[PDB]
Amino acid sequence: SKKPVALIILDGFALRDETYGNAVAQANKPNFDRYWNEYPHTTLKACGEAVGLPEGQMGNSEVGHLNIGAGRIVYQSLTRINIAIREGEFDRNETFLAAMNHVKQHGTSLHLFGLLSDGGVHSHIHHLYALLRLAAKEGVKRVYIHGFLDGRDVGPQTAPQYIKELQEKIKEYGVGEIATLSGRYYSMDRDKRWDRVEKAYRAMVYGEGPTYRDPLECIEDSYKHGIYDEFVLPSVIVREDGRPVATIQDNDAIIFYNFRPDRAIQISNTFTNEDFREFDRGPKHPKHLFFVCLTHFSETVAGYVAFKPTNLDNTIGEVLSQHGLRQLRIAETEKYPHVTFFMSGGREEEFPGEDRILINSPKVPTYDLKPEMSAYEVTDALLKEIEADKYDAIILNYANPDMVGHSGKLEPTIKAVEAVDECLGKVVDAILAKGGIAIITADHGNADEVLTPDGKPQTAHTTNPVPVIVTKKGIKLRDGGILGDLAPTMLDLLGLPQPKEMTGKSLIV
């Protein structure tokens, strides 16, 4: 029957010479190793300008899957917004100004919330500073900040430095007050764990949660309990009289300064949806909010977008569809948005002929508790589909290296990589058995460095290059490639014409 071409993404799996804290290098990977030694291979740049990001900026699943599916260097939001600030266009943004005019004309308050760090994956604290400076320029009197603590795109216990700098900027600009602090685990969930979302929501709307007069004492107290940045319980900063600094009320305006959509949709829907059934927001939840999303999150969000989206035409999924091929997207919960929405160029709707399989990730708080996650279930489901001779193209993502690597724990991440290697062998061998070809690669690093040189947890991504193995004998792969060269390579193998929009180039010499 069909000789499928499968694009296999080992999420957060990069190549790094240094072996200290390197779960990728330390893991026993007999399958990956044999494919690497027996088939044509190379490495690709997955960071910085090569993927549409600022120089030196590490990649991530959004950036990576967008570039992989697009077959071209995809200009990223971080870069775009940084340039708007650099060129003096940020302050002229009609949406930001409308939000500020709203609060001034109706005598309400402006709330700013988002990830509080310079990680650059979901936000950048300098964008928050630009918004504070703009609010001051426009004469907005009441501005409240609801900080979402990081520890995932930066050090696990770095919140104090960001809070301190924010406090300095607030004093310098003469506007702003920190109202709440919440770990991104609660305020930025993407797994439909509504109990987590509700906690963040109630801290911001009802002033419910651990209370502190001093933001730094809130963090220190959490640390004393072994609860670091990412997991800080939604907390409420209170005034001298004990009342919350600020709760979100009717007719207020909100600017969510996150520019990556996957972790912003849930809390945004909670605030803007007329009909919300995931949980009872309470008869007195805020209504008539002027809600601003820094970038496009979802059509379901009743708000305004500051930096409008632009369609990515002729991405891999569209080309496959146009040529009448059947394609399958598959991954477990954690990377399902990436093999679907992001891979499709920032499009939720499936292309004609595109099927999707979602495998539920395990019900554990952190994945170091179950390194194998649901990889075996993903593999079992895919093997059945391959056996059925249904798909011409397959896009599979194994979330493990990345998801467990974010724990900053060496042994668990090694187990995650080894589990994925076992699954990789079954999938690739099955594909080869069908006369097909596999393109084994990754979207960015993570598991390659889960410990800092001093032995402490390294919970974020790395800037190391990703591997690429094409399981086809008799060919050679050129070096110096980028993520945007993968789609052209896949089309090359499928014998399909490459669209003009794909400025990337096939890796096959």
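The numbering used is simple: start at 1 and walk along the sequence shown.
Taking only the CA atoms, which stretch has the higher mean B-factor in the record, 410-418 or 361-369?
Higher mean C-alpha B-factor: 361-369.
Tell me which stretch, 376-384 or 307-315, has the higher mean Cα B-factor listed in the entry.
Looking at the recorded C-alpha B-factors, 307-315 comes out higher on average.
Looking at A246, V301, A200, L115, which has the biggest Cα B factor in the entry?
Top of the list by C-alpha B-factor: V301.
In terms of the chain's CA B-factor thirds, is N464 lowest, middle or highest?
Middle third.
By the recorded C-alpha temperature factor, relative to the other modelled residues in its chain, which third is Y75 in?
Its C-alpha B-factor, which the entry lists for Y75, ranks in the middle third among residues of this chain.
If you rank the chain by CA B-factor, which third does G147 end up in: lowest, middle or highest?
Its C-alpha B-factor, which the entry lists for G147, ranks in the lowest third among residues of this chain.
Per the entry's values, where does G353 land by CA temperature factor relative to the rest of its chain, in the lowest, middle or highest third?
Middle third by C-alpha B-factor.
What third of the chain, by the recorded C-alpha B-factor, contains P30?
Answer is highest: the recorded C-alpha B-factor places it there.
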